[PDB]
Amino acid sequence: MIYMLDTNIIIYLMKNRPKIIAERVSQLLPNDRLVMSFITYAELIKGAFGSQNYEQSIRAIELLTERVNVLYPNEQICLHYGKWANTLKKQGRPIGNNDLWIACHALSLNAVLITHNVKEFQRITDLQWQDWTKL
């Protein structure tokens, strides 16, 4: 199974060390994989440039992505983005643009998207996702 950690859950994990997440990681089977979208990696790079110690931030990013590999798009992400961008246009931009790209990335991989406090994603009705901070 492909588990894609979104940007919010990574931020959460930098600020907290919660038991719920240890348990969920413990339940991971051997062929299961943790990844992040290129979107999220770009936001990480942005934090590094906005941080006091650029070289330390980049070092921490390299360690993180060695385990949580970055994935890059192919045509399928664009098909999903076109569909859901159109549907979501009527609903008053309920989902941020980078969150939407991330959701469509997960759709394109049939990944399960792991998030924290983005209930908006329920509007993308074919997205498989989980909040690994809640029960």
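Start at 1 and count along the sequence shown; that's the residue number.
Here 63-71 and 50-58 are compared by their mean Cα B-factor, and 50-58 comes out higher. Between the stretches 85-93 and 40-48, it is 85-93 that shows the larger average CA temperature factor. Per the PDB entry, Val25 shows the highest C-alpha temperature factor of the residues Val25, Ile10, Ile124, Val112.
Compared with the other modelled residues of the chain, the Cα B-factor recorded for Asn31 ranks in the highest third. Among the modelled residues of the chain, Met1 sits in the middle third by CA temperature factor in this PDB entry.
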